[PDB]
Novice: 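Just dropping this structure here.
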Protein chains: 6
Amino acid sequence: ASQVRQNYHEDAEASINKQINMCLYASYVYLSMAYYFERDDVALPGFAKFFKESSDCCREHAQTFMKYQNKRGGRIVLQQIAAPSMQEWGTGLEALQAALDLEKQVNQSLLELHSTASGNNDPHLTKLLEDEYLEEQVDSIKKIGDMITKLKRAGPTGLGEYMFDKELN
Amino acid sequence: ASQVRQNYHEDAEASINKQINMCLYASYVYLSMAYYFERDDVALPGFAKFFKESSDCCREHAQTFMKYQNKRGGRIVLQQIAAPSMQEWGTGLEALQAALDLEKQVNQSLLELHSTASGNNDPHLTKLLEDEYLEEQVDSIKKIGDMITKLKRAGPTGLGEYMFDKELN
Amino acid sequence: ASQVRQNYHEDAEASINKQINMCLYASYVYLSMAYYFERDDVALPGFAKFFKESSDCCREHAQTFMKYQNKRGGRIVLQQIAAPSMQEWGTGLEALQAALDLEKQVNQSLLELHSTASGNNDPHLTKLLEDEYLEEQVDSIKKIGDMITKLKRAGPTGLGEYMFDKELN
Amino acid sequence: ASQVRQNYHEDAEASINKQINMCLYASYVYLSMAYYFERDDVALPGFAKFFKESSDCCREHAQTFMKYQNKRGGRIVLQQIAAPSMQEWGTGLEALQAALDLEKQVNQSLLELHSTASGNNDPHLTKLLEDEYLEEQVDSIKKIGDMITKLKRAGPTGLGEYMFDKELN
Amino acid sequence: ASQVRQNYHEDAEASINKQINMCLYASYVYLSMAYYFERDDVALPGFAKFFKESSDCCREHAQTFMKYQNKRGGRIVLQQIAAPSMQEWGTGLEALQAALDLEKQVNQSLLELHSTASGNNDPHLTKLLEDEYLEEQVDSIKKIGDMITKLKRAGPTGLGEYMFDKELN
Amino acid sequence: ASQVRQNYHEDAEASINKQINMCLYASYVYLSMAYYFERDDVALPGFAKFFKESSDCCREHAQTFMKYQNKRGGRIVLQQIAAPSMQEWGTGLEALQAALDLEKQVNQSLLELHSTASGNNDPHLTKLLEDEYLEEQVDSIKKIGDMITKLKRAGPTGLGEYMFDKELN
Ligand SMILES: [Mg+2]
Ligand SMILES: [Mg+2]
Ligand SMILES: [Mg+2]
Ligand SMILES: [Mg+2]
Ligand SMILES: [Mg+2]
Ligand SMILES: [Mg+2]
Ligand SMILES: [S]
Ligand SMILES: [S]
Ligand SMILES: [S]
Ligand SMILES: [S]
Ligand SMILES: [S]
Ligand SMILES: [S]
Ligand SMILES: [S]
Ligand SMILES: [S]
Ligand SMILES: [S]
Ligand SMILES: [S]
Ligand SMILES: [S]
Ligand SMILES: [S]
Ligand SMILES: [S]
Ligand SMILES: [S]
Ligand SMILES: [S]
Ligand SMILES: [S]
Ligand SMILES: [S]
Ligand SMILES: [S]
Ligand SMILES: [S]
Ligand SMILES: [S]
Ligand SMILES: [S]
Ligand SMILES: [S]
Ligand SMILES: [S]
Ligand SMILES: [S]
Ligand SMILES: [S]
Ligand SMILES: [S]
Ligand SMILES: [S]
Ligand SMILES: [S]
Ligand SMILES: [S]
Ligand SMILES: [S]
Ligand SMILES: [S]
Ligand SMILES: [S]
Ligand SMILES: [S]
Ligand SMILES: [S]
């Protein structure tokens, strides 16, 4: 095996590789949203910049897990990255609702992995999850929730959406 | 002939002179729009500044072609500059739609001239058109398209137009 | 009609629109001279720069009139700008003599505009004509007179014209 | 359809979407190599950094194409990104030889895209391919060729590979 | 053969070797003229400086073509550089007329190379020719033409030539 | 003949003209070497830099001789520059041995030029050869001798040549 591997269970190794794929996929989904909102017949630059930032964030989440896999002496296994199923995202509100569901899905998967690591008594992995993932998932979910409420107050269509988009930019 | 003229076909020379007139005319049209939107009974300073910038831009497009004509050893021939046919432009949306059509008309004429120059194998002229005209025409057209979509979302009349105008300023 | 118009006679409104067109024509004429003197077989860069600056000055003159029309509550009506009477201006001396006659003709037109404003007792308009046009016009005429005398001493052809051109540049 | 689309053939729209997917795959392949060379039992940090930068470059290449698609008025259609053909790249030399073949294949694909744009007389697209892709592609291929020659001189295994890696870092 | 070579026709490779020789020859001609104008019995330092600069420029043109040859994977083949057509260049006017004919011949050879590249569908080579050579060649020809006109007006012999020479100092 | 000429023998004047051609030829040989080591299948950037510097140095030697010819009132006579005897220079060691032989050939020719000047009692020319050519000629030969010794110790091939090349860069 690895000259560095210690207390690193095989099911944690495989779970990291699935988590890497999930964050790459979320990144792809955000990239799709970002360029949709830059279409000339959509033109919501605030939404576009917000989702482009989320795409980069998810790509770093995946690269952090890859580094971690190498740090613990496991082996990275990259899988195909599915395309987003629907690539016409509709209104800015509908995209925020989809993003909120995507982030909750990632959180649930991260909480599953913390339970896995805690069951095999891997405190190094549980610490990584608490410091680098769990806290920012909860902050993303709260931020999107706040945004949905603000957008429904302002709009959510027409002049209200145009003004909400300007705050995002 | 010219001591400097080389590989410069007469039909390119004449086409440059027509293109010079077209951009002077577009500049005039934009100047007309700019001072319309500064009327006391219109008062859309954002629209006024946007069209005044477009007027100056078109005047430089024409002066660049005049310089080019002299650089290649052809002769500049200036023609009358027709007045804009309608000088009451209506709403800010209607002026953007007219501007979008004017810019597409200029683009089509520029693409015709690239085909002319390419047919007579004038790579110096095709390069000038690609570097200095074609790329900025496509960017103008995309910018105006974006603006029309934003204005329809915000307004396009009343408080929405007033707020869109403030972003333009 | 206009909520701002006061003591602004239709006489003045129409003469201002005619003066806008006149200064735009003069600017076009100066532009034609400027690029004539940049031809490879003329190559008089000082003359070209001088006439470039006169072309810019006359365009500001026209824009100050359009701003004035809107300030007083009149309506700007643009007319076709005629092609310059000739495209080929000959020597540096012949171009200066044409500009002198062009500025004297603009000056006579402004003096007529001042006289009709005085007849209509419009002190705001006579103030504008005195401060922003009649001064500049007399300065331009004196400057061109000086240059013609200097050019005739130095040249007006050959090495003298070459030397006098370097002073303009 | 699109209020901005002009002279943009469906041929080009579809090949741009295919090229977006291709550069995203190449970026994924480069990412796999980068983290392979950071494994504790490989430990080639210069190679890892080099392939990290190539992964970032290819992702910008893909994003410039998505921006271009929106600029011209086409529609971006994302496709699944395939998993890299292998996860385990062997020696530094074998990875460079794979990257050289990957860049040559991307280059052939871009030359085909240029040829179909020329056939459709789309000078805006041929300009984009010349300035932002074909240059960089030829530079990348030359650079990788140079490194393979240098690596073969120094090593390609043992102390030579260790030394050549320090130069990349 | 070459691990980097792609889409590079043997005809382009041979034409590049010939173009390298042509610019080396022109560099040599300008060097000759520069030192001719520094003879004690000629003493035209402005002309000397102008031709020295032209000499360096052509040498840099040759070296960019040699770099290009290596970048595409062709092989540089250096040929003899012919002695300049004259040892003594007569007047400043005659030297400028010689340089104008030299730059026109170089321009013509470049346009033929462009047409060759187009026929073989080599967009990377046509791009290089459009960006690094054709524009500077047209500017260079226009500059020399301007100078010949200025020197014919000033001189072309005697005090006028002396004064024109200070312009280029 | 020359109003400046004094104590300048036609023997010296002819020898100076041959020495100019000899240093132009050596410059050309170094240029060929420089771009040979930049080939993708050679890739020795240290040697390339070294020979490109040697190329510039020999060209300045030739121009210093052309200046001197004019200073003394002799007449520069330029001949063909022969093609380099080789187009491919083998290994780095083989290039250095050819450079060593070429620098000794130039030194021997300079020493004969010094003998000529001494024979005709031209102390100004013996002073030029001592202070600007002979000392720097002896330094170049010593430096190349040093390099040959260092490269034979390090290499002369493989990793040693790769490491030696880095001290040159
Ligand atoms: Mg286990
Ligand atoms: Mg013709
Ligand atoms: Mg009235
Ligand atoms: Mg189509
Ligand atoms: Mg071939
Ligand atoms: Mg010869
Ligand atoms: S984010
Ligand atoms: S995020
Ligand atoms: S982030
Ligand atoms: S973030
Ligand atoms: S996430
Ligand atoms: S503009
Ligand atoms: S514009
Ligand atoms: S502009
Ligand atoms: S612009
Ligand atoms: S335009
Ligand atoms: S002026
Ligand atoms: S003026
Ligand atoms: S002015
Ligand atoms: S002025
Ligand atoms: S004027
Ligand atoms: S004036
Ligand atoms: S890169
Ligand atoms: S790359
Ligand atoms: S990059
Ligand atoms: S790069
Ligand atoms: S690439
Ligand atoms: S690349
Ligand atoms: S030059
Ligand atoms: S030049
Ligand atoms: S240059
Ligand atoms: S130049
Ligand atoms: S040249
Ligand atoms: S140049
Ligand atoms: S040139
Ligand atoms: S040297
Ligand atoms: S040197
Ligand atoms: S040197
Ligand atoms: S030398
Ligand atoms: S030397």
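Residue numbers begin at 1 in each chain, while the letters A, B, ... track the order of the sequences.
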Novice: Are A:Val42 and B:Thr149 close enough, and set up right, to give a side-chain contact (heavy atoms from CB on, under 4.5 Å), and what steps lead you there?
Specialist: CA-CA 7 Å; A:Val42 175; B:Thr149 299; 5.8 Å; no

Novice: How many angstroms lie between NZ in B:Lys143 and CG in A:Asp40, if you round to the nearest 0.5 Å?
Specialist: 15.0 Å

Novice: Evaluate A:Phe164 against A:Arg153 for side-chain contact (heavy atoms from CB on, under 4.5 Å), listing each step before the verdict.
Specialist: CA-CA 10 Å; A:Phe164 181 80; A:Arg153 174 179 293 113; over 6 Å; no

Novice: Taking D:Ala14's backbone N and O only, do any of them form a donor-acceptor pair with D:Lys18's side chain (distance below 3.5 Å, no angle check)?
Specialist: no

Novice: Heavy atoms, side chains only, cut-off 4.5 Å: are B:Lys142 and B:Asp146 in contact?
Specialist: yes

Novice: For atom NZ of A:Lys127, is the number of surrounding heavy atoms from other residues, nucleotides or ligands below 6.0 Å larger than 12?
Specialist: no

Novice: CD of D:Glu13 to CZ of D:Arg75: how many Å apart, nearest 0.5 Å?
Specialist: 9.0 Å

Novice: Between A:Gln19 and A:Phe65 (side chain of the first, backbone of the second, donor and acceptor by atom type, cut-off under 3.5 Å), is there such a pair?
Specialist: no

Novice: I'd like to know if the side chain of A:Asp165 reaches the main chain of A:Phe47, judged simply by a donor and an acceptor atom lying under 3.5 Å from each other, with no hydrogens or angles considered.
Specialist: yes

Novice: With side chains defined as the heavy atoms from C-beta onward, is the minimum distance between A:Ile81 and A:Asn21 less than 4.5 Å?
Specialist: yes

Novice: Is any side-chain heavy atom of D:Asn7 closer than 4.5 Å to a side-chain heavy atom of D:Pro123?
Specialist: yes

Novice: Any donor-acceptor pair under 3.5 Å linking the side chain of B:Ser109 with the backbone of B:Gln105?
Specialist: no

Novice: Give me the one residue out of B:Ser54, B:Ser55, B:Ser32 that meets side chain to side chain donor-acceptor pair (under 3.5 Å) with B:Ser27.
Specialist: B:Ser55

Novice: Any side-chain heavy atom of A:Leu78 within less than 4.5 Å of one from A:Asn17?
Specialist: no

Novice: Assess whether side-chain contact (heavy atoms from CB on, under 4.5 Å) is satisfied between B:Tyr133 and B:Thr64, documenting all intermediate values.
Specialist: CA-CA 10 Å; B:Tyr133 293 92; B:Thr64 303; 3.1 Å; yes

Novice: Does D:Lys52 NZ have over 12 foreign heavy atoms under 6.0 Å away?
Specialist: yes

Novice: State, to 0.1 Å, how close B:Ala98 and B:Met33 come at their nearest heavy-atom pair, and which atoms those are.
Specialist: CB-CE, 4.0 Å

Novice: So, taking the atom named CG in A:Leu129 and the one named NE2 in A:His124, what distance separates them when rounded to the nearest 0.5 Å?
Specialist: 11.0 Å

Novice: Begin with the C-alpha distance, continue with both residues' side-chain angles, and end with the deciding distance and a verdict on side-chain contact (heavy atoms from CB on, under 4.5 Å) for B:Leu159 and B:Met163.
Specialist: CA-CA 6 Å; B:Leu159 175 63; B:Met163 306 286 319; 4.0 Å; yes

Novice: To check you understand the geometry: which heavy-atom pair defines the closest contact between D:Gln3 and B:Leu100, and what is its length?
Specialist: O-CD2, 3.7 Å

Novice: Considering the options D:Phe37, D:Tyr28, D:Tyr35, which one meets the ring pair (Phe, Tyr, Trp, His ring centres under 6.0 Å) requirement together with D:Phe51?
Specialist: D:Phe37

Novice: Heavy-atom distance under 4.5 Å between the side chains of D:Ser85 and D:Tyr25, does that happen here?
Specialist: yes

Novice: May I ask you to test the D:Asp122-D:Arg72 pair for a side-chain heavy-atom distance under 4.5 Å?
Specialist: yes

Novice: Between D:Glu103 and D:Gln137, does any side-chain donor sit less than 3.5 Å from a side-chain acceptor?
Specialist: yes

Novice: B:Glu161 side chain to B:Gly92 main-chain N or O, any donor-acceptor pair under 3.5 Å?
Specialist: yes

Novice: Surrounding NZ of A:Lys166 (heavy atoms of other residues, nucleotides or ligands, distance under 6.0 Å), is the total greater than 12?
Specialist: yes

Novice: Rounded to the nearest 0.5 Å, what separation is found between the CG atom of C:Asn70 and the CZ atom of B:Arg39?
Specialist: 6.0 Å

Novice: Do A:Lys49 side-chain atoms and A:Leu168 backbone N/O form a donor-acceptor pair below 3.5 Å?
Specialist: yes

Novice: Considering non-hydrogen atoms only, spot the tightest contact between D:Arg5 and D:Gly73 and give its length.
Specialist: NH1-O, 3.7 Å

Novice: Do other residues, nucleotides or ligands put more than 12 heavy atoms under 6.0 Å from A:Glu94 CD?
Specialist: yes

Novice: Roughly how far apart are B:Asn169 CG and B:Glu167 CD, rounded to 0.5 Å?
Specialist: 9.5 Å

Novice: Do A:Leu31 and D:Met66 come close enough that some side-chain heavy atom pair is under 4.5 Å?
Specialist: yes

Novice: Determine whether D:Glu60 and D:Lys67 satisfy the following criterion, salt bridge (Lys or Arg N to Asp or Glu O under 4.0 Å), listing intermediate values before the conclusion.
Specialist: CA-CA 10 Å; D:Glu60 315 326 311; D:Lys67 266 173 263 264; over 6 Å; no

Novice: Within the structure provided, determine whether D:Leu113 and D:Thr116 are in side-chain contact (heavy-atom separation under 4.5 Å).
Specialist: yes

Novice: Looking at every heavy atom in both A:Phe50 and A:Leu96, which two are closest together, and how far apart are they?
Specialist: CE2-CD2, 4.1 Å

Novice: Please report the shortest heavy-atom distance between D:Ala83 and A:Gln79, naming the atom on each side.
Specialist: CB-C, 3.7 Å

Novice: So, does D:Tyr68 use its side chain to make a donor-acceptor pair with the main chain of D:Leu125 at under 3.5 Å?
Specialist: yes

Novice: Give the minimum heavy-atom separation between B:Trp89 and B:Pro84, together with the two atoms involved.
Specialist: CZ2-CB, 4.0 Å

Novice: D:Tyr36: which residues meet the side-chain hydrogen bond (donor to acceptor under 3.5 Å, both in side chains) condition with it, sequence neighbours left out?
Specialist: none

Novice: Would you say A:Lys104 has more than 12 foreign heavy atoms packed within less than 6.0 Å of its NZ?
Specialist: no

Novice: Quick check for you: to the nearest 0.5 Å, what is the distance between A:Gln63 atom CD and A:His61 atom NE2?
Specialist: 11.5 Å

